[PDB]
K.L.:
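One structure, pasted below without further comment.
Counting convention: from 1, in listed order, for ligands and their atoms alike. When reading the values below, keep in mind they use all heavy atoms of this one structure, side chains included, and skip hydrogens, waters and symmetry mates. Residue numbers start at 1 and run along the sequence shown.
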Amino acid sequence: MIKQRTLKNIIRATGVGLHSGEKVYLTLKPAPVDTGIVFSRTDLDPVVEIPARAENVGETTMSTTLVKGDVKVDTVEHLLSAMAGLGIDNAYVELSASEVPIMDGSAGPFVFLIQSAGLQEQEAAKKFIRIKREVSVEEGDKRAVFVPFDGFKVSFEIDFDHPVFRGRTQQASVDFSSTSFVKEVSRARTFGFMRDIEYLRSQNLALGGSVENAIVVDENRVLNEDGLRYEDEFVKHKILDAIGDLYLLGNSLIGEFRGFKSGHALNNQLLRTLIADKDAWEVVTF
Ligand SMILES: Clc1ccc(CCCn2ccnc2)cc1
Ligand SMILES: [Zn+2]
């Protein structure tokens, strides 16, 4: 059989919240079988625990935000993209504050951190959610869809107007049978156009953001001296985001996803619509 996975050792790291600006301490620990990924606010009395499941998603406005009563955990998508990408079923994630640290804006630092723990194969068969029927959601020109597939394959498309996309498809597919998450996806960074960023900073958001933890773009060009990590880094990051938002199903996926111009909100509507349509999915082991 294929068996469940957790970490071997505790791990710490440090950083700033992309939106919040606050310094935050992160700790990863091992977890028993059938626990899932669980976020814990350790700065509060009592301590607040929130499973990383579609049911706990409070806001979806330019991040994915876990909510429980009056308490937030902000911007969880990149860490979960990482936990998805190394097949981590079980793990506790303690935070000193309300936002996960941005680090370099990619899953790079999380993917290495988890490898630094080591991998514990646990005595329990791994569970997958398999797609049985087509499911899709639309909103204006936007679209997100699950199709059945004996594998795991993600595709995405964006549709921006900018010099930087001149000549380009703004299109990327990745079949994870034949490519590496860590190599071909994990490193793509969070991006932002100046105007979008200034509109956030007027509403008391994007406070930890700069060229150290994100790609910034003016009317002309990428402002980052050292340039891009891939020729298609922007659409690659939308795929990394999608992979984090899907891991809110609580298990790894047997199927195919396709996004067209979609984000945190439409990605989450697709989960709820699939979950609600019982005949389109089933839990399975090997
Ligand atoms: Cl500097 C800066 C640039 C872009 C954004 C938008 C973040 C959108 N996002 C967040 C996580 N993944 C994508 C914020 C600050
Ligand atoms: Zn992102």
K.L.:
Do NZ/NE/NH1/NH2 and the carboxylate oxygens of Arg229 and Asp104 come within less than 4.0 Å?
P.N.:
yes
K.L.:
Would the number of heavy atoms belonging to other residues, nucleotides or ligands and lying under 6.0 Å from CG of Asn220 be above 12?
P.N.:
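Yes - once you tally the heavy atoms of other residues, nucleotides and ligands closer than 6.0 Å, there are more than 12.
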K.L.:
Under 2.8 Å from the Zn ion (ligand 2), is there any N, O or S atom belonging to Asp241?
P.N.:
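Checking the Zn ion (ligand 2) against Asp241, an N, O or S atom does fall under 2.8 Å.
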K.L.:
Hey, is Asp43 close enough to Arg41 for a salt bridge, meaning N to O under 4.0 Å?
P.N.:
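Result for this pair is yes, salt bridge flagged.
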K.L.:
Which of the atoms in ligand 1, numbered in the order shown and given with their element, are less than 4.0 Å from a heavy-atom of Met62?
P.N.:
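Once the distances to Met62 are compared, the set is 8 (C), 9 (N), 10 (C).
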K.L.:
I need the atoms of ligand 1 closer than 4.0 Å to a non-hydrogen atom of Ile197, numbered in the order shown.
P.N.:
1 (Cl), 2 (C), 3 (C)
K.L.:
Could a heavy atom of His19 be found less than 4.0 Å from some atom of ligand 1?
P.N.:
no
K.L.:
Compute the shortest N/O to N/O distance between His78 and ligand 1 and return yes if it is under 3.5 Å, no if not.
P.N.:
yes
K.L.:
Considering just N/O/S atoms, say which atom of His78 is closest to the Zn ion (ligand 2).
P.N.:
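Of all N, O or S atoms in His78, the Zn ion (ligand 2) lies closest to NE2.
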K.L.:
Have a look at ligand 1 and work out which part of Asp241, if any, has a heavy atom under 4.0 Å from it: side chain, backbone, both or neither.
P.N.:
side chain
K.L.:
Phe128 ring centre to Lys126 NZ or CZ under 6.0 Å, with the angle to the axis within 45°?
P.N.:
yes
K.L.:
Once you measure the plane-to-plane angle for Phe181 and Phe176, does it fall in the parallel (<30°), tilted (30-60°) or perpendicular (>60°) bin?
P.N.:
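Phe181 and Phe176: tilted rings.
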K.L.:
Please work out whether any backbone atom (N, CA, C, O) or any side-chain heavy atom from C-beta onward of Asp196 is under 4.0 Å from ligand 1, and answer side chain, backbone, both or neither.
P.N.:
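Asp196 to ligand 1: no contact under 4.0 Å from either part.
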K.L.:
Would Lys261 and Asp159 pass as an ion pair if we require N to O under 4.0 Å?
P.N.:
yes
